[PDB]
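Novice:
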Amino acid sequence: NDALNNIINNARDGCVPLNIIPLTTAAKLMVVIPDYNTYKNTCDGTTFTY
Amino acid sequence: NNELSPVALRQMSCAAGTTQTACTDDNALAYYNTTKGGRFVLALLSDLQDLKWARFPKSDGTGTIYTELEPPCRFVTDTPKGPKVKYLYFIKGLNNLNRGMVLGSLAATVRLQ
Amino acid sequence: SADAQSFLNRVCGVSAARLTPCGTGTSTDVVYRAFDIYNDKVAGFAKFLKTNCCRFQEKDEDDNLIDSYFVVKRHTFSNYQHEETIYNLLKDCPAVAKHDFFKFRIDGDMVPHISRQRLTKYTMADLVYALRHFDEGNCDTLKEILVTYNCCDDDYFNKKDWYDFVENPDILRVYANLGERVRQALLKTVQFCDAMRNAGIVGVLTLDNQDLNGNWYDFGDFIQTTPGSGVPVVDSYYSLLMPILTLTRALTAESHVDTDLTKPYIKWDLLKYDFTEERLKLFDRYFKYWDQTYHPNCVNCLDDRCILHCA
Ligand SMILES: Nc1nc2c(ncn2[C@@H]2O[C@H](COP(=O)(O)OP(=O)(O)OP(=O)(O)O)[C@@H](O)[C@H]2O)c(=O)[nH]1
Ligand SMILES: [Zn+2]
């Protein structure tokens, strides 16, 4: 209830799209990888950016 | 060719004003069209210089609509009379094809300037 | 003797005019093309057979043919004066092809010709007809159009099911290469409508009077009115062209910074959801003379027909 409040107050009338709430306030991320070629382009190493 | 209304149309008669009930007897060469479902006028011509309103009578007589007009345009005509000036109007909301129809017929059947 | 080699250098203008005849002498050329007709006894959108035209392709420095034609048409003397007057009124628009009126004798009499310069081989109805009446048994026009504009190469069609949408979904990427041409054609159409309104000319716009570069011609069915009171009729044009606007994705350039396909994308904030003004700006930019009220939000519509129209 702090990140959600922080992004709610920035809205000009209190309404925000639902598709950007997990994108900016979630704490955990889950990735499903088909094969190794896709793996080495998305989550290579120990830290990645998304 | 895609052309603009070969078979033409017929007629122009009746009235006009500027503030609702200002239409007294007849102040408009209200032009054209008697459609197949009933008389539906297209173009308005005015020997006067400023009108915002008209009242065309039809069928029942009790049903005669107080039409809202639009800002006018002006031109001079090549009539045998000589110097003759009107101020053109169309009934508001008239789509482009209808104005093209009446303008083409007026320009190609009768002479203007 | 003379004639062919004198008509050639008379059609040859004053700019560079490296011309070559399209298998003719002084006679006309016959082709099979698509038109949009309405003349009180016939109507429709079909493929008729053109009859009165002589075409000269243009060369360049290394003597290899290019996509430029000088398509002269032969018609009536009254039509000569009418078209000359309308063109003289409309010649300053940058969206109007360059006309050239001259007179030349084929016999003891003198007949008039009208020559148009630097057109393409196909028009925009040819493209619309090819895409809206698809038949894999014979689609030569579509293949020619695709290969002459660097959308693909001639060996792309050696594949089978190259046209299918479920198999080979790469045909979408192949088709999406004409969107910029379509967008430039739309902009030139808006320019032409503005010029017609300012000059006081009344006429109806069809797809077969515009080539694939956007230029306009054929003012044979227009009339004249007082300046500032012109009115173009653009119903059939937009209505028939509409299904092609999404197949080729013509509005892709509108997601870039300056409507330029070489700059990065626009970065909207994630909290914006209205976009009610961008829709109006797009409508005013690409559909200015479409005369029917447009509601960005379908909650203000009057009935189901208006809902369909605005959706
Ligand atoms: N762009 C282009 N069109 C061509 C060519 N050859 C034939 N055409 C066809 O020929 C037409 C050339 O224009 P016009 O014949 O002036 O058009 P139109 O609408 O038939 O003319 P009017 O009968 O005078 O109203 C186009 O509609 C094309 O369909 C060509 O080399 N280039
Ligand atoms: Zn609506």
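Residue numbers (full-length UniProt numbering), protein chains in the order written: chain A, 4042 to 4091; chain B, 4141 to 4253; chain C, 4393 to 4703. Where is the CB? At the ideal position from N, CA and C, for every residue including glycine.
1) Kindly confirm or deny that the stretch 4496 to 4513 of chain C and the stretch 4626 to 4645 of chain C touch, where touching means at least three C-beta pairs closer than 8 angstroms.
2) Considering only the alpha carbon of each residue, which of C:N4605, C:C4445, C:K4490 lies closest to C:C4414?
3) Taking just the CA atoms, how far does C:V4464 sit from C:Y4430?
4) Quick check on the DSSP output: the alpha helix (DSSP H) that includes A:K4081 runs from which residue to which?
5) Give a yes or no on whether 7 angstroms exceeds the smallest Cβ distance from C:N4605 to chain B.
6) Can a CB atom of chain C be found closer than 7 angstroms to the CB of A:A4052?
7) As a quick check of your reading: which residues have a C-beta less than 5 angstroms from at least one non-hydrogen atom of ligand 4, in chain order?
8) Sort C:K4442, C:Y4681, C:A4426 by Cα distance to C:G4436 and report the nearest one.
9) For the alpha helix (DSSP H) holding C:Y4479, just list the boundary residues, first then last.
10) Check each candidate in C:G4622, C:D4546, C:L4570, C:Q4449 and name the one with the smallest Cα separation from C:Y4681.
11) Got a sec: does ligand 1 put a non-hydrogen atom nearer than 6 angstroms to the Cβ of C:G4415?
12) Consider the Cβ of C:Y4665: report whether some Cβ of chain A lies at a distance smaller than 7 angstroms.
13) Let's test the definition: count the other Cβ atoms within 10 Å of the Cβ of B:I4231 and tell me whether it reaches 16, buried, or not, exposed.
14) Only counting the same chain, and skipping five residues up and downstream in sequence, which positions put a Cβ closer than 8 angstroms to that of C:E4528?
15) Check whether the Cβ of B:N4141 lies closer than 6 angstroms to any heavy atom of ligand 1, and answer yes or no.
16) Note the first and the last residue of the continuous beta strand (DSSP E) segment covering B:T4207.
17) Among C:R4497, C:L4481, C:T4685, C:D4452, which has the Cα closest to the Cα of C:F4611?
18) Say yes only if the C-beta of C:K4439 is nearer than 6 angstroms to one or more non-hydrogen atoms of ligand 1, and no if none qualify.
19) Looking only at its own chain, which residues have a Cβ that is under 8 angstroms from the Cβ of B:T4159, when we skip the five neighbours before and after it?
20) Buried or exposed, going by whether 16 or more other CB atoms sit within 10 Å of the CB of C:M4502?
21) Counting only beta-carbon atoms, is B:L4243 nearer than 7 angstroms to chain C?
22) Just list the beta strand (DSSP E) runs in the stretch 4542 to 4608 of chain C, keeping only unbroken ones of 3 residues or longer that don't cross its boundaries, in chain order.
23) What did DSSP end up calling B:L4228 once you bin it into helix, strand or coil?
24) In chain order, which continuous runs of the alpha helix (DSSP H) of length 4 or greater are located wholly inside the UniProt domain "Nsp9 ssRNA-binding" (4141 to 4253) of chain B?
25) Quick check on C:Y4521: buried or exposed, where buried means 16 or more other Cβ atoms within 10 Å of its Cβ?
26) Report buried or exposed for B:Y4229, applying the criterion of at least 16 other Cβ atoms within 10 angstroms of its Cβ.
27) Is C:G4606 near ligand 1 - that is, is its Cβ less than 6 angstroms away from at least one heavy atom of it?
28) Taking C:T4418 as part of the alpha helix (DSSP H), name the residues at either end of that continuous run.
29) In this structure, does DSSP put C:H4701 in helix, strand or coil?
30) Consult DSSP for C:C4446 and reduce its assignment to one of helix, strand or coil.
31) Kindly identify the DSSP beta-bridge partner or partners of C:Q4616.
32) State the CB to CB distance for the pair C:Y4472 and C:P4504, rounded to an integer number of angstroms; the pair is presumed to be in contact (CB under 8 angstroms).
33) Look at the alpha carbon of C:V4423 and the alpha carbon of B:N4173, and state the distance between them as a whole number of angstroms.
34) In the DSSP output, what is C:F4493 paired with across the bridge?
35) Looking at chain A, is there any beta carbon in it that lies within less than 7 angstroms of the beta carbon of C:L4662?
36) Between which two residues does the alpha helix (DSSP H) carrying C:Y4678 extend?
Specialist: On the basis of the supplied data:
1) Contact between the stretch 4496 to 4513 of chain C and the stretch 4626 to 4645 of chain C is absent, because fewer than three Cβ pairs lie under 8 angstroms.
2) Considering only alpha carbons, the answer is C:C4445.
3) If I take the Cα positions, the gap works out to 24 angstroms.
4) According to the DSSP assignment, A:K4081 belongs to the alpha helix (DSSP H) that extends over 4077 to 4083.
5) Not closer than 7 angstroms to any Cβ of chain B, the Cβ of C:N4605 fails to qualify, so no.
6) Cβ-Cβ to chain C under 7 angstroms: yes for A:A4052.
7) What this structure holds is ligand 1 and ligand 2, not ligand 4.
8) That would be C:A4426, whose Cα lies nearest to the Cα of C:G4436.
9) C:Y4479 -> alpha helix (DSSP H) spans 4469 to 4482.
10) Ranking the options by Cα distance to C:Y4681, first place goes to C:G4622.
11) With a threshold of 6 angstroms, the Cβ atom of C:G4415 does not count as near ligand 1, since no heavy atom of the ligand is closer than that.
12) Interface residue, yes.
13) Around the beta carbon of B:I4231, 16 or more other beta carbons lie within 10 angstroms, which makes this residue buried.
14) So the list reads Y4555, once near-sequence residues are dropped.
15) Yes, Cβ of B:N4141 sits closer than 6 angstroms to a heavy atom of ligand 1.
16) Secondary structure note for B:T4207: its beta strand (DSSP E) is the uninterrupted segment 4204 to 4208.
17) When only C-alpha atoms are compared, the closest one is C:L4481.
18) No, the beta carbon of C:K4439 sits no closer than 6 angstroms to any heavy atom of ligand 1.
19) Same-chain partners within the cutoff: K4192, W4193.
20) Per the 10 Å Cβ criterion, exposed.
21) B:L4243 counts as touching chain C.
22) Complete beta strand (DSSP E) runs here, min 3: 4593 to 4596.
23) Of the three classes helix, strand and coil, the one that applies to B:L4228 here is strand, per DSSP.
24) With a minimum length of 4 residues, the unbroken runs of alpha helix (DSSP H) contained wholly in the UniProt domain "Nsp9 ssRNA-binding" (4141 to 4253) of chain B fall at 4236 to 4249.
25) Per the 10 Å Cβ criterion, buried.
26) Looking at its Cβ environment, which holds 16 or more other Cβ atoms inside 10 Å, B:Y4229 is buried.
27) In this structure, ligand 1 has no non-hydrogen atom nearer than 6 angstroms to the beta-carbon of C:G4606.
28) Per DSSP, C:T4418 is not a residue of any alpha helix (DSSP H), being assigned neither H nor E.
29) Judged by DSSP in its simplified three-state form, C:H4701 adopts helix.
30) Of the three classes helix, strand and coil, the one that applies to C:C4446 here is strand, per DSSP.
31) Its beta-bridge partners are C:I4593.
32) At roughly 4 angstroms, the Cβ-Cβ gap stays under 8 angstroms, so C:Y4472 and C:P4504 are in contact.
33) Each residue's Cα considered, the two are about 41 angstroms apart.
34) BP columns for C:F4493 point to C:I4506.
35) Taking Cβ atoms only, chain A reaches closer than 7 angstroms to C:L4662, which makes this a yes.
36) Where C:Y4678 is concerned, the enclosing alpha helix (DSSP H) starts and stops at 4668 to 4678.
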